[PDB]
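Written below as structure tokens is the structure these notes are about.
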Amino acid sequence: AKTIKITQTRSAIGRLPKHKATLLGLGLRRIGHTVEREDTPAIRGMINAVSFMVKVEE
Amino acid sequence: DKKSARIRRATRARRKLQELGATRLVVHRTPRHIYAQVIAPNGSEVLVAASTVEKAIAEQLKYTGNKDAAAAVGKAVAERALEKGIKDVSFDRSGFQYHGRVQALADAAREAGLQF
Amino acid sequence: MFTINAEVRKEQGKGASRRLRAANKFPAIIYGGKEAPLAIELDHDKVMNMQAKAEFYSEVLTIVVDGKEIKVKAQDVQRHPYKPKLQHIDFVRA
Amino acid sequence: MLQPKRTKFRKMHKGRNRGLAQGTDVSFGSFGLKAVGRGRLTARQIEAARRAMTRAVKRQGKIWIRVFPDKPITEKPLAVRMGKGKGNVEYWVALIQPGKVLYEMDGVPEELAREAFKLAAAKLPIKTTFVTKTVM
Amino acid sequence: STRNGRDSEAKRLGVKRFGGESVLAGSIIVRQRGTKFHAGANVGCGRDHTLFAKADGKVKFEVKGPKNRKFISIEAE
RNA sequence: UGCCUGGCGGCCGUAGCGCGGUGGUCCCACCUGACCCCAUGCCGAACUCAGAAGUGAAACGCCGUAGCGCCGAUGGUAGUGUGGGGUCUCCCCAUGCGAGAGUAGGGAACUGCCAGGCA
RNA sequence: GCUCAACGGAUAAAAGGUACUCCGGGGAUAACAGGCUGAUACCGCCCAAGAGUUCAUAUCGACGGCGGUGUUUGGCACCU
RNA sequence: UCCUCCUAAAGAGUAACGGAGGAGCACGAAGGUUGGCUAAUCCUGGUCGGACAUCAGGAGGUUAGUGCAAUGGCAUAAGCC
RNA sequence: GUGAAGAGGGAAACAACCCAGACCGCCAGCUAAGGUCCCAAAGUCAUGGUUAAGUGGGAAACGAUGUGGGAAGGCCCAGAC
Ligand SMILES: [Mg+2]
Ligand SMILES: [Mg+2]
Ligand SMILES: [Mg+2]
Ligand SMILES: [Mg+2]
Ligand SMILES: [Mg+2]
Ligand SMILES: [Mg+2]
Ligand SMILES: [Mg+2]
Ligand SMILES: [Mg+2]
Ligand SMILES: [Mg+2]
Ligand SMILES: [Mg+2]
Ligand SMILES: [Mg+2]
Ligand SMILES: [Mg+2]
Ligand SMILES: [Mg+2]
Ligand SMILES: [Mg+2]
Ligand SMILES: [Mg+2]
Ligand SMILES: [Mg+2]
Ligand SMILES: [Mg+2]
Ligand SMILES: [Mg+2]
Ligand SMILES: [Mg+2]
Numbered sequence: 001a002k003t004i005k006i007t008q009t010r011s012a013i014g015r016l017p018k019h020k021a022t023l024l025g026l027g028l029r030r031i032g033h034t035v036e037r038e039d040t041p042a043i044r045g046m047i048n049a050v051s052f053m054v055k056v057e058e
Numbered sequence: 002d003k004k005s006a007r008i009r010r011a012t013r014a015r016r017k018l019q020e021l022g023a024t025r026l027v028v029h030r031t032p033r034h035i036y037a038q039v040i041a042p043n044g045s046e047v048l049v050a051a052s053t054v055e056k057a058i059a060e061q062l063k064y065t066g067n068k069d070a071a072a073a074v075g076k077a078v079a080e081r082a083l084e085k086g087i088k089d090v091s092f093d094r095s096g097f098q099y100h101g102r103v104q105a106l107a108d109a110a111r112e113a114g115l116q117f
Numbered sequence: 001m002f003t004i005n006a007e008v009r010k011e012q013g014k015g016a017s018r019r020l021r022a023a024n025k026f027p028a029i030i031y032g033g034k035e036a037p038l039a040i041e042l043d044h045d046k047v048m049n050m051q052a053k054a055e056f057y058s059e060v061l062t063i064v065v066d067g068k069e070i071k072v073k074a075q076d077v078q079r080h081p082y083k084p085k086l087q088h089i090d091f092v093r094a
Numbered sequence: 001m002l003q004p005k006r007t008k009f010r011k012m013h014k015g016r017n018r019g020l021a022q023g024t025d026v027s028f029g030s031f032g033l034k035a036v037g038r039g040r041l042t043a044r045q046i047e048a049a050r051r052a053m054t055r056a057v058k059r060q061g062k063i064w065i066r067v068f069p070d071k072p073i074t075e076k077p078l079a080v081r082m083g084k085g086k087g088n089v090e091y092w093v094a095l096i097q098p099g100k101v102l103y104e105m106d107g108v109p110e111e112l113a114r115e116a117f118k119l120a121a122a123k124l125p126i127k128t129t130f131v132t133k134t135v136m
Numbered sequence: 009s010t011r012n013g014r015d016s017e018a019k020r021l022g023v024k025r026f027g028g029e030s031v032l033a034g035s036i037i038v039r040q041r042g043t044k045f046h047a048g049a050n051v052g053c054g055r056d057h058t059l060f061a062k063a064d065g066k067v068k069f070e071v072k073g074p075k076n077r078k079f080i081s082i083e084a085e
């Protein structure tokens, strides 16, 4: 019902393969990209996993 | 212990009959009595039981707890379980040597229509 | 005769305890069977001076939390491995 | 010289040395020499620091050594290339973590105990400290 | 120095189908050396103590027994 | 319906061992006898047959007692995934997970299906 | 019917010298020199049992500990 | 060339001229099945007899056993008749 | 994970380390690691402390009335050092 906005603030050059896939799961492509995803315990579990390259506005 | 040594003497046959998932006819023997009961493949609940302590059987018996007594209870078990639809059971020794009253208990039950 | 002041800990855990210990305070708890246990925090410099006394572990103490006096006895003490410091002290509601 | 007799295996892995020690309090005597540093401490330094202690007091009290090497250390010979097996065991070391109580003694005044432990603390590589018995 | 340098090929033991997995009939569940896991309901036992399915279903690990021994069974679900 | 007892399970030491008391109408147990049905690498000691005189001593069941066994928090400690840092053969910070040992304590089980005896 | 045990087994059947030597390659790999390291070597220091008629430190200094240099013997194989 | 444990970082696998040990067989019963049985080590008492043989009681519990190295296993015994 | 097969900015110079992945052009703007006295673009910026050693801008056991902060302790105007 409520959408949540996620912005990538750091690059994904030397990251673990489990954090490159999380960004693909969220949909982020390059630093500065902002996507509007649905709020969900599964979606917020991706944000927590990579909560050093992404910035969530709320 | 005289009973504990017998209990572990009958465990292997008793657990195989449960893994096999077959109805079994456990037989308990006493120097003064003899018991028999048909226990479901579950192992927890019984279907048919007949024993020398039953007053319907003991009054016709000169001395409950001999070969002639074991023959009477075996007939009772088989006929009691015949109207219940149980025909295919497996005999359980319960550790007693299949040689005396248990043999007559089985033989009379075997002859009375039960198939095992 | 020993009276020590303490406050109820808002947050507990490994991370929150090490922040307490860097501010000259260390955690403690009070458990007495028929009542729920109470986790407290109390200053380190004050209690380390008294705990050197031989009577600290024998005498019934008194703890002033939220204004209420609780009479306790020192059950166990966790010391720093190689420093004259404390890490955790168990009070039983005696 | 402290050294295990009848060990299960001749040679033992190098391993690592992490964490704090277990015997961090005086349990037999009343004054103890407690480590603050880290590092293996051979059997030759254990005896060299015991002699400096049974000579400072020289008549009184009992002394407990709360460490035992039980760790074989192998050294390669000289002018030998690498490989071709493991070295031949040379000495034995007692791995020490901070907080371990190495020596401790009872039966002497604290001033004599304090100075005697200072004579042994100058023969051990690690940084030691003086600790006294508590109540718990 | 030397007199060593011998070993054997790894036997690839261990549980193959973990709990909750849907297996067929005859599919190996666990390869063992002794009897670490005992055969329960609807599973067999090889000559080398390999535990194999006997009816298609879902694997189940349980700790039945007087001596608290691990058992493997199958639910025909 | 209640109590006592036997058989078969569930459950697996909070469920076992120790110490004390108690039970014999029925049940159970010891027990009498042995040519017979069966047996002893000798012995009816065990197994087995034929019975009921005696007993509740042993065993078994029940009840009581924590001396052990056993279960065991809260708090703290160790460890550790991800991201940073240090004087980086070892550690610290943010965050998530979080023991083992020990302490307070719990604790001498609970339960299902049949079959007897009594009130 | 094969210690085809060099055990996925080149033939049924096989040892050496070359300083009289030769060809194709390699700094993928050694000897000299350089390089990284510093166990070893040299130098210095810390505690003080003792020797020194008394007195540890005039001069030495056991049992132990901490470093420096890159001068030895070595380790590695990075450059040719 | 083959087998067992560790290194091997709690699925599988994982190297070194790394740390430790084994195999090139045996058995016509040491296999199958049915029936039955439960050890080591200690105490006490007992002729030769003894620290230690065989026996009778009690504690203990599988600390024994497995044709053969090590690991996993085994009381329903896979151990013993 | 990067280099190999990856340029660009930083660490003076320095394939691997930190930031970050170049389709092309622009005399446009915002940032990352790193920095703002001159060489050399940007604070001779603001508040409160520490250092007297050029420490910063190489290294230990060990030694010392260097200096700042903290909790206690002994004696002392029936007069302390
Ligand atoms: Mg080959
Ligand atoms: Mg070939
Ligand atoms: Mg010539
Ligand atoms: Mg010539
Ligand atoms: Mg040539
Ligand atoms: Mg080279
Ligand atoms: Mg190389
Ligand atoms: Mg593995
Ligand atoms: Mg792993
Ligand atoms: Mg690989
Ligand atoms: Mg065999
Ligand atoms: Mg058998
Ligand atoms: Mg067999
Ligand atoms: Mg680059
Ligand atoms: Mg440049
Ligand atoms: Mg691109
Ligand atoms: Mg800007
Ligand atoms: Mg400028
Ligand atoms: Mg400088």
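Keeping their order, the protein sequence lines are chains 30, 18, 25, 16 and 27. Mind the numbering: the first sequence is residues 1 to 58 in the deposited numbering, read in order. Mind the numbering: the second sequence is residues 2 to 117 in the deposited numbering, read in order. Mind the numbering: the third sequence is residues 1 to 94 in the deposited numbering, read in order. Mind the numbering: the fourth sequence is residues 1 to 136 in the deposited numbering, read in order. Mind the numbering: the fifth sequence is residues 9 to 85 in the deposited numbering, read in order. Ideal Cβ placement from N, Cα and C applies to all residues, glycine included.
Quiz prompt | Best match in 36 (chain 18), 89 (chain 18), 44 (chain 18) and 79 (chain 18) for proximity to residue 67 (chain 18) [C-alpha to C-alpha] | solution = 36 (chain 18)
Fill in: Contacts that residue 11 (chain 16) makes with chain 27 (C-beta to C-beta distance below 7 Å)
Per Cβ cutoff of 7 Å: no residues; residue 11 (chain 16) is ~11 Å from chain 27 at best.
In chain order, each beta strand (DSSP E) run of at least 3 residues that lies wholly inside the stretch 52-97 of chain 18: 91-93
Quickly, what does DSSP pair residue 30 (chain 27) with across the bridge? List them, please. 66 (chain 27)
Only counting runs of 3 or more residues, tell me where the beta strand (DSSP E) segments fall wholly within the stretch 45-91 of chain 25, in order along the chain. 62-65, 68-70 and 73-79
Leaving aside the five residues before and after residue 78 (chain 25) along the sequence, list all residues of the same chain whose C-beta is less than 6 Å from its C-beta, in chain order. 87 and 88
Q: Please determine, among 2 (chain 30), 39 (chain 30) and 16 (chain 30), the residue with the shortest C-alpha to C-alpha distance to residue 50 (chain 30).
A: 16 (chain 30)
Any beta carbon of chain 25 sitting closer than 8 Å to that of residue 34 (chain 16)?
yes
Next on the checklist: Using only the alpha-carbon positions, how far apart do residue 115 (chain 18) and residue 18 (chain 27) sit?
Outcome noted: 55 Å
>> Considering Cα atoms alone, identify which of 15 (chain 27), 29 (chain 27), 53 (chain 27) and 16 (chain 27) is closest to residue 84 (chain 27).
In response: 29 (chain 27)
Unbroken alpha helix (DSSP H) runs of length 4 or more, entirely within the stretch 51-107 of chain 16: which are they?
none
Check: When you check each C-beta in the stretch 75-97 of chain 16 against every C-beta of chain 27, which residues fall closer than 7 Å?
Finding: 84 and 85
- Message: Just to confirm the assignment: which complete beta strand (DSSP E) runs, minimum length 3, are found wholly within the stretch 28-53 of chain 18?
- Response: 34-40 and 47-52
Out of 94 (chain 18), 10 (chain 18) and 82 (chain 18), which has the shortest C-alpha to C-alpha gap to residue 1 (chain 18)?
The structure shown does not extend to residue 1 (chain 18), since chain 18 is modelled only from 2 through 117, so no value can be given for it.
message = Run through chain 16 and tell me which residues come within less than 9 Å of residue 54 (chain 25), C-beta to C-beta.
response = 135
- What residue from 6 (chain 18), 32 (chain 18) and 79 (chain 18) has the CA that sits closest to residue 89 (chain 18)'s CA? 79 (chain 18)
*asked:* So residue 9 (chain 27) contacts chain 16; which residues on that side make the cut at Cβ distance below 7 Å?
replied: 84 and 85
Using the beta-carbon count (16 or more within 10 Å), is residue 99 (chain 18) buried or exposed? exposed
Taking 8 Å as the threshold (beta carbon to beta carbon), is residue 132 (chain 16) in contact with chain 25?
no
Q) residue 20 (chain 25) and residue 41 (chain 25) look like a contact to me (Cβ under 8 Å); what is the Cβ gap, rounded to whole Å? A) 6 Å
Near residue 124 (chain 16), which residues of its chain fall below 7 Å by C-beta distance, leaving aside the five closest residues on each side in sequence? 41, 45 and 49
- Within 10 angstroms of the Cβ of residue 18 (chain 25), are there 16 or more other Cβ atoms? Answer buried if so, exposed if not. exposed
message = Determine whether the beta carbon atoms of residue 7 (chain 30) and residue 40 (chain 30) lie at a separation below 8 Å.
response = no
Practice problem: Could you tell me the distance, in whole angstroms, from the CA atom of residue 47 (chain 18) to the CA atom of residue 102 (chain 18)? | Solution: 22 Å
Query raised in the report: Nearest to residue 75 (chain 25) by CA position, among 11 (chain 25), 7 (chain 25), 51 (chain 25) and 91 (chain 25), is which residue?
Result: 91 (chain 25)
For the beta strand (DSSP E) that contains residue 55 (chain 30), what are its first and last residues?
54-57
Exercise. Within its chain, find whatever has a CB closer than 8 Å to the CB of residue 11 (chain 30); leave out the 5 residues flanking it on each side and keep chain order.
Key: 31 and 53
- Task: Look at the Cβ atom of residue 14 (chain 16), then the Cβ atom of residue 67 (chain 16), and state whether they are nearer than 8 Å.
- Result: no
| query | Counting pairs of Cβ atoms below 8 Å between the stretch 48-64 of chain 16 and the stretch 111-129 of chain 16, do you hit three or more? | reply | yes
For the putative contact between residue 115 (chain 16) and residue 56 (chain 16), defined by C-beta atoms under 8 Å, what is the C-beta separation to the nearest angstrom?
7 Å
Compare the C-beta of residue 37 (chain 25) with all C-beta atoms of chain 16 and state if any pair is closer than 8 Å.
-> no
DSSP-derived helix/strand/coil call for residue 17 (chain 25): helix
**residue 77 (chain 25): contacting residues in chain 16 (beta-carbon distance under 9 Å)** = 134, 135 and 136
TODO: For residue 81 (chain 25), go through chain 16 and note every residue whose CB falls closer than 7 Å to its CB, in chain order.
DONE: 20, 21, 24, 98 and 99
key: Amino acids of chain 16, ordered along the chain, whose beta-carbon sits closer than 9 Å to that of residue 57 (chain 25)   = 135 and 136
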